[PDB]
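Scroll down for the structure; my scribbles are underneath it.
Here the Cβ is made from the backbone with ideal geometry for all residues, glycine too, and neighbour counts use every protein chain on show. Each answer follows from the model by the rule given with it, or from the source it names; none is laboratory data.
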Amino acid sequence: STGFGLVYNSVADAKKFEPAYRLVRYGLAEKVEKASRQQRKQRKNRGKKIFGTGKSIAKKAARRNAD
Amino acid sequence: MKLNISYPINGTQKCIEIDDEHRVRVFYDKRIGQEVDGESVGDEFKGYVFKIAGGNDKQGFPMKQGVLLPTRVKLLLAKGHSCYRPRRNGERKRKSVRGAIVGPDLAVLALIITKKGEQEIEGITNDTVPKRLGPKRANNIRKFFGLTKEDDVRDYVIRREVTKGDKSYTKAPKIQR
Amino acid sequence: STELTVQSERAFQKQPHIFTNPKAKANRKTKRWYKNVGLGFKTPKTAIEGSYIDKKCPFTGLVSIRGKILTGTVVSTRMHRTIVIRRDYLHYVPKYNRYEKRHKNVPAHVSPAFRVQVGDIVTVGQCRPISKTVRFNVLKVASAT
Amino acid sequence: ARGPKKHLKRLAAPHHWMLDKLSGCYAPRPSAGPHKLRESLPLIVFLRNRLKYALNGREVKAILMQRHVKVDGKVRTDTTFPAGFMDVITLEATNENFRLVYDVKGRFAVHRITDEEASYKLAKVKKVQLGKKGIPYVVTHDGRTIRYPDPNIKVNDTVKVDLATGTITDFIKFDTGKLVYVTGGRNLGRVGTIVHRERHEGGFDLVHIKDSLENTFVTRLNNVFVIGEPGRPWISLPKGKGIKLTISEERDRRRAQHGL
RNA sequence: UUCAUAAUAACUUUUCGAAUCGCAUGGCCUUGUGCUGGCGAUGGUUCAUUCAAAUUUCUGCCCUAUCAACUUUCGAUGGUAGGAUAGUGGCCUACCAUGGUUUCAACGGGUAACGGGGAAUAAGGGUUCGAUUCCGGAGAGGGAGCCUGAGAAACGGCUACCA
RNA sequence: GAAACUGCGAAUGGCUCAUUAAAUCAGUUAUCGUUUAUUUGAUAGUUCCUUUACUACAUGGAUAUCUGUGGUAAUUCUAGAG
């Protein structure tokens, strides 16, 4: 077989330059848990809808119940 | 119907509900931006001088001034004149809008209250709320305290001390220029 | 091809930004400017001695000759200061291994210095868009008798 | 229609980049600069595919930020700067200096220059024009404009530049019996000594050119670039020396030249 | 070249000619909080260069005579003078001149027609196809019309009418 | 440093073949007939307007975000004041 090896100088140098997924497999850095591609795309659209912040519209929610 | 009252100097506002027509009949055939007396409105206000300038319609049609008529005329709006917030820079949009002169079609009336009268009510003329944001620039901080040049700055600054629980660390503005 | 009258319009015509000095005293009166066309051509003295102005003339005007230099025989002559050069040529047909003959005409503007008739060869040079169809100007009339 | 174009499909890109057919849909568009789209060479191609330090375009962006690339003295952190002919590319780490000179085939060559000689750049003219306050200023064909030239410098005449400071040092005149490089068309990356010049009346000038082997070839004027006295090169040239050989001559060399 | 560029005469509801900010905190003191000074950001005027964009020269197209005359009122072809245009031009008006294309096939009709680089078949010549991975051009349900920006008659932007 | 103001981009990419027969398009030309953000290059003592009492040691007021008072069957609807 024929690999493709990279021998860095030190540990602090090899941590930053190498891609994140390569650090996971050997067990150097932590695995970055993130949200699914669908739901965070929905969050972008729903965040855009309300001009915002959530304070002003939430205070109206109490007033809208009386109507 | 509802009256949006707001005192400018003190800084307190309240909605007064009016089911009776006779009280609102003073505002019939009166235009946006004129002085109105308090005595003819009702028993609550006597000695006051109201200031009608704005309004609101049933369904949801904010009133614009300079339009004339007692009608709902659709108008062409853009950046520079109110009743439209543009999203694209330069884009226009034809919006619906309520006319100027008041009739029996409204839900809320806009009112500023200049001069006091007799019956000071609960928390509209009694209470006085301070303004939230202090000065900032070089000549705004100078004129507020009446300092002129030689008195210098780095002295008259508001440091609000907020507490999470144990600590009491200071905040501070940033005097630009 | 009017011609001869010098001035006969509603307006008046002079060469732009060339001035006749009123106080100075010389035989000229009419102050003429004329240009060298280039590309190894020869400007005639009928243009220099003449009285015509013309915006669209290459000798006395802003029309600069550049690009291509076509040729051909003249056909049509019957309008004010233009000409139609008929340029004949052959076209190939690979299937039969033969040649064709094709036609299309070329319109051009004439300087009043040159004297033109029907059935004479005319060398012609490309220039600014003079008009709708006319994109060319006359530079020679070598009518061998 | 509608404004500029900010993409380049890989088959539509010029061939002397030497990019792969597979392993990518798009190619790197070189941005605006002192060199044209066809004649330039972007820094992604130079670092990734030529020198072969970085494996992909990701790692080229890491090198530029920390931070030793120097095209014509100054840094440039842009990934796709149009670096072209006679441009000096230095590296403080490794102590390497380069110059983009054309190969006998037509490609850009990886030519390792001395420390040392990488210091002056050679450019062409161009104009030859007066500015305001009657100031005479010269333009370079390879990018820049320089002020206050010598009174006898004209079109197609090459000029040496200081690079670090940015001023004129010396000039060479375009006349017969002098070395000249070619940077356009089919006879690209060849060197020769000149014989004749057909001037013509507004229809492109031509030049007849020999070489050390006495083989003749003809090219256009705008492609030609002067490079010193005959048998006296101002700049260091790579192996080959712009000779250009026959098909059968090159077959003879490779199978003969062996030694494992 | 009436080009580059310079000079004289003035104009203009007089464009621009830095009231902008981070990392360092040095040098002789006229030892002020002043006279000078390092490393990069940003904005700006005219002239270059680059990415382009507009028009433009020459030659080249599939069937049809059961399409031989066609355009000029309502610009057709040309001249002079203005208007508009980023800029040339009948692009648009005013007063004139009657021209332009045509059996070397104009003008009209049809196309189950987007144009090329190409593909299929394969003695040599040629036949037939090219909606479609690259290059250029049109269009966003059908037509007109614009706003903002260097660049849009934008449509994952707007104002109408007809579905 | 959430939010919003200013600046930039959204005119590229992607999809389709309805129209169109000297039109589009291909190869050759000219822009001495014009506009170009961005790009990398150069570059502005000349605004003062008689030259003894003139802002130049630095000028002016808003507007957001947020504080709240709301209406609406409705929608990235936006009215009043601070």
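May I ask you to list the residues in region D:60-118 that are in contact (Cβ under 8 Å) with a residue 60 or more places away in the chain, hydroxyl-bearing (S, T, Y) and surrounded by fewer than 21 Cβ atoms within 10 Å (Cβ to Cβ)? Scanning region D:60-118 gives a single hit, D:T114.
How many of the residues in region A:27-67 are assigned to a loop (DSSP other than H, G, I, E, B), more than 10 Å from RNA strand F (Cβ to nearest atom) and not β-branched (V, I, T)? Working first, answer last.
Narrowing region A:27-67 to residues assigned to a loop (DSSP other than H, G, I, E, B): A:27-36, A:50-53, A:67.
Right, trim to more than 10 Å from RNA strand F (Cβ to nearest atom) and you get A:27-36.
Now drop any that are not not β-branched (V, I, T), which leaves A:27-31, A:33-36.
Selection size over region A:27-67: 9.
Any residue at all in region D:130-142 that is surrounded by 12 or more Cβ atoms within 10 Å (Cβ to Cβ) and among the small types (G, A, S)?
Taking region D:130-142 as the starting set, the residues that turn out to be surrounded by 12 or more Cβ atoms within 10 Å (Cβ to Cβ) are D:136-142.
Subset that is among the small types (G, A, S): none.
No, region D:130-142 contains no residue that is surrounded by 12 or more Cβ atoms within 10 Å (Cβ to Cβ) and among the small types (G, A, S).
When D:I146 is tested against (1) without any contact (Cβ under 8 Å) to a residue 40 or more places away in the chain; (2) in the same structural domain as D:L19 (by CATH); (3) β-branched (V, I, T); (4) closer than 21 Å to D:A32 by Cα, exactly one condition is not met: (2). A single entry from C:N36, C:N27 fulfils the requirement of being of a type outside the set (S, T, Y), loosely packed, with under 11 Cβ neighbours inside 10 Å and within 14 Å of chain D (Cβ to nearest Cβ): C:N36.
Considering only region C:51-73, how many residues are away from chain D (no Cβ under 14 Å) and in a strand (DSSP E or B)?
At the first step, the residues of region C:51-73 found to be away from chain D (no Cβ under 14 Å) are C:51-63, C:70-73.
Next, only the ones that are in a strand (DSSP E or B) stay: C:70, C:73.
Matching residues across region C:51-73 total 2.
Taking region C:39-50 as the search range and keeping residues that are more than 16 Å from RNA strand F (Cβ to nearest atom) and surrounded by 11 or more Cβ atoms within 10 Å (Cβ to Cβ), which one is nearest to the other protein chains (Cβ to nearest Cβ)? That would be C:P44. One residue stands out among those in region D:22-43 that are farther than 14 Å from D:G57 by Cβ and more than 11 Å from RNA strand E (Cβ to nearest atom): the one that is surrounded by the most Cβ atoms within 10 Å (Cβ to Cβ), which is D:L41.
Considering region B:4-26, and only residues there that are more than 8 Å from RNA strand F (Cβ to nearest atom) and within 19 Å of the chain's Cα centre (by Cα), the residue that is farthest from the other protein chains (Cβ to nearest Cβ) turns out to be B:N10. If you go through region C:90-117 and keep only what is within 21 Å of C:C57 (Cα to Cα) and loosely packed, with under 13 Cβ neighbours inside 10 Å, you end up with C:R115, C:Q117. Look at (1) of a type in the set (V, I, T); (2) touching a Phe, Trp or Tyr at 6+ places or on another chain (Cβ under 9 Å); (3) within 16 Å of RNA strand F (Cβ to nearest atom) and you find that C:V63 fails only one, number (2).
Residue count for region B:80-133, restricted to those that are among the basic types (K, R), within 9 Å of RNA strand F (Cβ to nearest atom) and in a loop (DSSP other than H, G, I, E, B): 5.
Sort out which residues of region C:13-53 are more than 12 Å from RNA strand E (Cβ to nearest atom), on the phi > 0 side of the Ramachandran plot and small (G, A, S), and write them in order of number. Break it down into steps so the answer makes sense when it comes.
Our first condition is that a residue be more than 12 Å from RNA strand E (Cβ to nearest atom); within region C:13-53, this holds for C:20-30, C:39-42, C:44-51.
If we keep only those that are on the phi > 0 side of the Ramachandran plot too, we end up with C:29, C:39-40.
If the condition is that a residue be more than 12 Å from RNA strand E (Cβ to nearest atom), on the phi > 0 side of the Ramachandran plot and small (G, A, S), then C:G40 is the only one that fits.
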